[PDB]
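Data file: protein.cif. Format and content: mmCIF, C-alpha atoms.
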data_final
#
loop_
_atom_site.label_atom_id
_atom_site.label_comp_id
_atom_site.auth_asym_id
_atom_site.auth_seq_id
_atom_site.Cartn_x
_atom_site.Cartn_y
_atom_site.Cartn_z
CA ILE T 16 46.77 -25.84 -15.19
CA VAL T 17 44.24 -28.69 -15.11
CA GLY T 18 41.81 -28.80 -12.22
CA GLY T 19 42.81 -25.38 -10.94
CA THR T 20 41.27 -22.28 -9.46
CA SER T 21 42.00 -18.62 -9.95
CA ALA T 22 45.02 -17.31 -8.10
CA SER T 23 44.41 -14.27 -5.91
CA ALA T 24 46.39 -11.06 -6.13
CA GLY T 25 49.64 -11.46 -4.26
CA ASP T 26 49.49 -15.29 -4.12
CA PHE T 27 52.79 -15.48 -6.00
CA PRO T 28 54.41 -12.03 -5.87
CA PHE T 29 57.34 -13.33 -7.91
CA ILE T 30 55.46 -15.09 -10.70
CA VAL T 31 56.09 -13.86 -14.22
CA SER T 32 54.47 -14.71 -17.49
CA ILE T 33 56.86 -15.35 -20.38
CA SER T 34 55.27 -14.46 -23.70
CA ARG T 35 56.96 -15.51 -26.94
CA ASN T 36 56.21 -13.89 -30.30
CA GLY T 37 53.38 -11.99 -28.47
CA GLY T 38 51.58 -15.16 -27.46
CA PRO T 39 51.41 -17.47 -24.43
CA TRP T 40 54.49 -19.59 -23.91
CA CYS T 41 55.90 -20.19 -20.39
CA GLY T 42 55.99 -18.99 -16.81
CA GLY T 43 58.88 -18.06 -14.55
CA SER T 44 59.89 -16.74 -11.15
CA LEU T 45 61.41 -13.31 -10.39
CA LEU T 46 64.51 -13.91 -8.27
CA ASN T 47 65.66 -10.29 -7.95
CA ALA T 48 65.18 -7.05 -9.85
CA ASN T 49 67.25 -8.25 -12.71
CA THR T 50 66.65 -12.03 -12.95
CA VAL T 51 64.05 -14.65 -13.81
CA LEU T 52 64.26 -18.40 -13.25
CA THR T 53 62.45 -20.57 -15.81
CA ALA T 54 62.73 -23.98 -17.44
CA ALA T 55 65.63 -24.35 -19.86
CA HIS T 56 63.37 -25.87 -22.49
CA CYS T 57 61.33 -22.64 -22.56
CA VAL T 58 64.31 -20.65 -23.83
CA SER T 59 67.23 -22.83 -24.97
CA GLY T 60 68.37 -21.95 -28.49
CA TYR T 61 65.34 -19.77 -29.31
CA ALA T 62 65.66 -16.15 -30.45
CA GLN T 63 65.95 -14.16 -27.25
CA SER T 64 64.25 -11.15 -28.55
CA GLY T 65 61.01 -13.11 -28.94
CA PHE T 66 60.42 -13.20 -25.19
CA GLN T 67 58.64 -10.68 -22.98
CA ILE T 68 58.42 -11.04 -19.22
CA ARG T 69 55.57 -9.52 -17.20
CA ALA T 70 55.56 -9.30 -13.41
CA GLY T 71 52.92 -8.06 -10.98
CA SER T 72 49.84 -9.16 -12.84
CA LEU T 73 47.35 -12.00 -12.90
CA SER T 74 47.13 -11.52 -16.69
CA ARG T 75 49.83 -12.19 -19.30
CA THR T 76 48.81 -9.27 -21.49
CA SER T 77 48.29 -6.24 -19.25
CA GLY T 78 49.10 -4.93 -15.80
CA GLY T 79 52.29 -4.89 -13.85
CA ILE T 80 55.76 -4.30 -15.31
CA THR T 81 57.34 -5.79 -18.43
CA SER T 82 60.85 -6.50 -19.56
CA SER T 83 62.70 -7.89 -22.56
CA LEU T 84 65.70 -10.17 -22.09
CA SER T 85 69.36 -9.20 -21.95
CA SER T 86 70.69 -12.79 -21.73
CA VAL T 87 69.79 -16.44 -21.30
CA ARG T 88 71.90 -19.05 -19.49
CA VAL T 89 70.83 -22.71 -19.27
CA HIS T 90 72.10 -25.06 -16.61
CA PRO T 91 75.59 -26.28 -17.62
CA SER T 92 74.40 -29.90 -17.35
CA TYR T 93 71.05 -29.43 -19.19
CA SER T 94 70.45 -32.52 -21.36
CA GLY T 95 67.09 -33.85 -22.53
CA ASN T 96 64.70 -33.17 -19.64
CA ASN T 97 67.49 -33.26 -17.07
CA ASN T 98 68.56 -30.09 -15.24
CA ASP T 99 65.77 -28.11 -16.89
CA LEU T 100 66.48 -24.63 -15.50
CA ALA T 101 67.64 -21.37 -17.00
CA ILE T 102 68.56 -17.95 -15.66
CA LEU T 103 67.27 -14.97 -17.64
CA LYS T 104 68.67 -11.48 -17.18
CA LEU T 105 66.21 -8.66 -17.75
CA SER T 106 66.78 -5.55 -19.85
CA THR T 107 64.53 -3.59 -17.45
CA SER T 108 64.94 -3.92 -13.68
CA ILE T 109 61.68 -4.68 -11.85
CA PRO T 110 61.32 -3.30 -8.30
CA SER T 111 59.60 -5.15 -5.56
CA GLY T 112 56.57 -3.59 -3.90
CA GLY T 113 52.85 -3.93 -4.15
CA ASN T 114 51.99 -7.27 -5.80
CA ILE T 115 55.61 -7.73 -7.03
CA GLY T 116 58.14 -9.49 -4.83
CA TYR T 117 61.10 -11.80 -5.21
CA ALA T 118 61.05 -15.55 -4.64
CA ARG T 119 62.48 -17.28 -1.63
CA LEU T 120 64.08 -20.58 -2.62
CA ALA T 121 64.08 -24.12 -1.26
CA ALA T 122 67.18 -24.84 0.79
CA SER T 123 70.19 -26.26 -0.95
CA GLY T 124 70.08 -30.03 -0.76
CA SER T 125 66.40 -30.18 0.20
CA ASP T 126 64.07 -32.62 -1.55
CA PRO T 127 60.27 -32.35 -1.29
CA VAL T 128 58.90 -35.12 0.92
CA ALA T 129 56.28 -37.46 -0.58
CA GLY T 130 52.80 -36.59 0.60
CA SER T 131 53.56 -32.95 1.40
CA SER T 132 51.19 -30.46 -0.38
CA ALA T 133 52.65 -28.33 -3.25
CA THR T 134 50.97 -25.62 -5.32
CA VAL T 135 51.71 -24.96 -8.98
CA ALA T 136 50.53 -21.99 -11.06
CA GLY T 137 50.42 -20.81 -14.63
CA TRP T 138 48.67 -19.59 -17.78
CA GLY T 139 48.78 -22.92 -19.58
CA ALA T 140 46.03 -25.06 -21.02
CA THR T 141 43.28 -26.47 -18.89
CA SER T 142 43.22 -29.84 -20.69
CA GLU T 143 45.88 -31.86 -22.47
CA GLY T 144 46.23 -30.42 -25.96
CA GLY T 145 43.70 -27.63 -25.24
CA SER T 146 44.12 -24.65 -27.64
CA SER T 147 42.54 -21.99 -25.52
CA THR T 148 44.25 -20.74 -22.34
CA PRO T 149 42.97 -18.65 -19.43
CA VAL T 150 43.42 -14.92 -19.21
CA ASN T 151 44.12 -14.94 -15.50
CA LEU T 152 46.54 -17.11 -13.57
CA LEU T 153 45.34 -20.49 -12.31
CA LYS T 154 46.77 -22.60 -9.49
CA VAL T 155 46.31 -26.14 -8.23
CA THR T 156 47.49 -28.05 -5.17
CA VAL T 157 48.89 -31.58 -5.50
CA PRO T 158 50.88 -33.86 -3.24
CA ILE T 159 54.52 -34.71 -3.83
CA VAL T 160 54.96 -38.20 -5.28
CA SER T 161 58.04 -40.07 -4.17
CA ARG T 162 60.93 -40.30 -6.63
CA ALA T 163 60.63 -44.10 -6.36
CA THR T 164 56.96 -44.06 -7.44
CA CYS T 165 57.80 -41.53 -10.15
CA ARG T 166 60.53 -43.90 -11.44
CA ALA T 167 57.93 -46.71 -11.48
CA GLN T 168 55.78 -44.48 -13.69
CA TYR T 169 58.49 -43.15 -16.06
CA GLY T 170 61.49 -45.45 -15.71
CA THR T 171 64.58 -45.32 -13.48
CA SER T 172 66.84 -43.24 -15.73
CA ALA T 173 64.09 -40.85 -16.68
CA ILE T 174 63.69 -39.35 -13.19
CA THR T 175 66.95 -37.95 -11.82
CA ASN T 176 68.09 -36.46 -8.52
CA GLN T 177 67.44 -33.03 -10.08
CA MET T 178 63.74 -33.76 -10.62
CA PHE T 179 60.83 -34.30 -8.25
CA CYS T 180 57.27 -35.33 -8.95
CA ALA T 181 53.78 -34.27 -7.87
CA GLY T 182 50.24 -35.33 -8.74
CA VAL T 183 47.39 -37.62 -7.71
CA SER T 184 46.90 -41.23 -8.83
CA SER T 185 43.49 -40.52 -10.27
CA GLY T 186 44.86 -37.66 -12.35
CA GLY T 187 42.80 -34.53 -12.95
CA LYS T 188 45.14 -31.99 -11.24
CA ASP T 189 48.39 -30.99 -12.94
CA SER T 190 50.44 -28.47 -14.82
CA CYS T 191 50.16 -28.60 -18.62
CA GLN T 192 51.54 -27.05 -21.79
CA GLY T 193 52.11 -23.39 -21.34
CA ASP T 194 52.79 -23.80 -17.61
CA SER T 195 56.42 -24.82 -18.18
CA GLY T 196 58.97 -22.80 -16.28
CA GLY T 197 56.47 -21.43 -13.81
CA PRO T 198 56.58 -22.01 -10.10
CA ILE T 199 55.73 -24.89 -7.86
CA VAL T 200 55.86 -23.92 -4.19
CA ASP T 201 55.65 -25.74 -0.89
CA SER T 202 52.92 -25.01 1.65
CA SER T 203 54.93 -22.02 2.91
CA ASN T 204 55.13 -20.46 -0.59
CA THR T 205 58.85 -21.24 -0.82
CA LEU T 206 59.84 -21.96 -4.43
CA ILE T 207 60.63 -25.68 -4.73
CA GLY T 208 60.63 -26.16 -8.50
CA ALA T 209 59.83 -25.12 -12.02
CA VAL T 210 57.26 -26.89 -14.21
CA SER T 211 59.26 -29.18 -16.52
CA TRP T 212 57.63 -32.20 -18.21
CA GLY T 213 55.30 -35.17 -17.97
CA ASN T 214 53.33 -37.72 -19.96
CA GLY T 215 50.44 -35.65 -21.19
CA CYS T 216 48.69 -33.61 -18.52
CA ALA T 217 46.70 -34.70 -15.52
CA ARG T 218 46.69 -38.35 -16.62
CA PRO T 219 46.11 -41.07 -14.02
CA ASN T 220 49.36 -42.48 -12.67
CA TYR T 221 51.67 -40.09 -14.54
CA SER T 222 52.95 -37.40 -12.18
CA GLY T 223 54.02 -33.98 -13.24
CA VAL T 224 57.81 -33.76 -13.21
CA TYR T 225 59.49 -30.62 -11.89
CA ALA T 226 63.03 -29.26 -12.00
CA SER T 227 64.14 -29.21 -8.37
CA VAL T 228 65.28 -25.89 -6.93
CA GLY T 229 66.75 -27.64 -3.85
CA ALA T 230 68.90 -29.81 -6.10
CA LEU T 231 69.94 -26.97 -8.43
CA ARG T 232 70.86 -24.22 -5.97
CA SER T 233 74.53 -24.06 -6.97
CA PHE T 234 73.62 -22.94 -10.49
CA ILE T 235 70.86 -20.60 -9.31
CA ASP T 236 73.00 -19.01 -6.61
CA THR T 237 76.01 -18.56 -8.87
CA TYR T 238 74.18 -16.77 -11.64
CA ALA T 239 71.24 -15.02 -9.98
#

Would you kindly transcribe this structure into structure tokens?
Amino acid sequence: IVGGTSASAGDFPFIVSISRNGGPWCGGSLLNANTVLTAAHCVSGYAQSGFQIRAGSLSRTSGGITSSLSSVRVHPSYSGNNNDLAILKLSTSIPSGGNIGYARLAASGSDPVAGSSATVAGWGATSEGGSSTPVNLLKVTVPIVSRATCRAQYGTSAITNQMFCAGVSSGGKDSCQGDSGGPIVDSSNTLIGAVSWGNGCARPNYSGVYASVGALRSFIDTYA
């Protein structure tokens, strides 16, 4: 996260860190005791055993409850950056309670309205290409950018009905590498997306692009 502040305990009861090979990699969202939602690109085709989920902590490396993966399922229409969601099943069930809880999801067919305030969180870099990452979870608030403006920035084909965008024109506030798969929420803390892609991080006039939970509820609901 670029331009962020430290998340408080319980800000995102459902957030998980996704380590790979013991190191930082992605974020995700705990949907139920047995299931994490993340970005497809975080997991597609990689060795499944390399991943470790941790819930209930502000750190990636201690606290809370861990699990390995039992299975990985990408969206059936995943292609390039499009439809960038995956369902992970956990080898260890994680109970809610305390600072762990399960996400509530954006309504099917909803689409975040331009100008509304969204909050994104993760353990990723704090600058584009930064090598160091924070121990504790960061968050930042950015407005939704209309799909039309996002298509002006990236091209018409590049931004689909299963993506939405968020950021500020001046840049300086965004998700970055290592934040992929983690949550973006609306002002009510309802999960509206997963961190997906963008042109660099926090650049002027290049929004962050998010996989849209509202657009992808059939897949989520079927397999969660």

Closest of T:186, T:234, T:120, T:217 to residue T:93 - atom-to-atom distances counting only C-alpha atoms | T:234

Could you give me, as number ranges by chain, the residues within 10 Å of stretch 204-208 of chain T, counting all atoms listed in the file and dropping anything in the same chain fewer than 3 positions from it?
-> T: 26-29, 44, 52-54, 100, 118-122, 125-127, 133-135, 177-180, 196-201, 211, 224-231

So what do you get for atom CA of residue T:150 versus atom CA of residue T:138, distance-wise?
->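 Interatomic distance here is 7.2 Å.
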
The PyMOL selection byres ((chain T and resi 42) around 10) on the file shown: which residues, as JSON, numbers by chain?
-> {"T": [30, 31, 32, 33, 34, 39, 40, 41, 43, 44, 51, 52, 53, 54, 57, 68, 69, 75, 136, 137, 138, 139, 193, 194, 195, 196, 197, 198, 209, 210]}

Report the residues retrieved by the PyMOL selection byres ((chain T and resi 76-91) around 6) from the displayed file, expressed as a list in words.
->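 The output of the PyMOL selection byres ((chain T and resi 76-91) around 6) on this file is residues 55, 67, 68, 69, 70, 71, 72, 74, 75, 92, 93, 100, 101, 102, 103, 104, 105, 106 and 107 of chain T.
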
To one decimal in Å, tell me the separation between atom CA of residue T:213 and atom CA of residue T:183.
->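 Result for atom CA of residue T:213 versus atom CA of residue T:183: 13.2 Å, one decimal.
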
On this file, the PyMOL selection byres ((chain T and resi 140) around 8) gives some set of residues; write that set as a list in words.
->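 Checking the PyMOL selection byres ((chain T and resi 140) around 8) against this file, the residues are residues 16, 17, 138, 139, 141, 142, 143, 144, 145, 146, 147, 148, 149, 191, 192, 193 and 194 of chain T.
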
Resulting file, chosen residues, C-alpha atoms, as a PDB file, in the coordinates of the input:
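In the end it all went to result.pdb:
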ATOM      1  CA  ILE T  16      46.770 -25.840 -15.190  1.00  0.00           C
ATOM      2  CA  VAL T  17      44.240 -28.690 -15.110  1.00  0.00           C
ATOM      3  CA  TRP T 138      48.670 -19.590 -17.780  1.00  0.00           C
ATOM      4  CA  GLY T 139      48.780 -22.920 -19.580  1.00  0.00           C
ATOM      5  CA  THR T 141      43.280 -26.470 -18.890  1.00  0.00           C
ATOM      6  CA  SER T 142      43.220 -29.840 -20.690  1.00  0.00           C
ATOM      7  CA  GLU T 143      45.880 -31.860 -22.470  1.00  0.00           C
ATOM      8  CA  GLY T 144      46.230 -30.420 -25.960  1.00  0.00           C
ATOM      9  CA  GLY T 145      43.700 -27.630 -25.240  1.00  0.00           C
ATOM     10  CA  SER T 146      44.120 -24.650 -27.640  1.00  0.00           C
ATOM     11  CA  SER T 147      42.540 -21.990 -25.520  1.00  0.00           C
ATOM     12  CA  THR T 148      44.250 -20.740 -22.340  1.00  0.00           C
ATOM     13  CA  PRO T 149      42.970 -18.650 -19.430  1.00  0.00           C
ATOM     14  CA  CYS T 191      50.160 -28.600 -18.620  1.00  0.00           C
ATOM     15  CA  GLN T 192      51.540 -27.050 -21.790  1.00  0.00           C
ATOM     16  CA  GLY T 193      52.110 -23.390 -21.340  1.00  0.00           C
ATOM     17  CA  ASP T 194      52.790 -23.800 -17.610  1.00  0.00           C
TER      18      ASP T 194
END

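In this model, the gap between atom CA of residue T:20 and atom CA of residue T:155 comes to 6.5 Å.
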
Which residue gives the smallest distance to residue T:169 among T:152, T:223, T:23, T:236, with only C-alpha atoms counted?
->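 Using only C-alpha atoms, residue T:169 sits closest to T:223.
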
Compare T:185, T:131, T:151, T:222 by their minimum atom-to-atom distance to residue T:168, counting only C-alpha atoms, and give me the closest one.
-> T:222
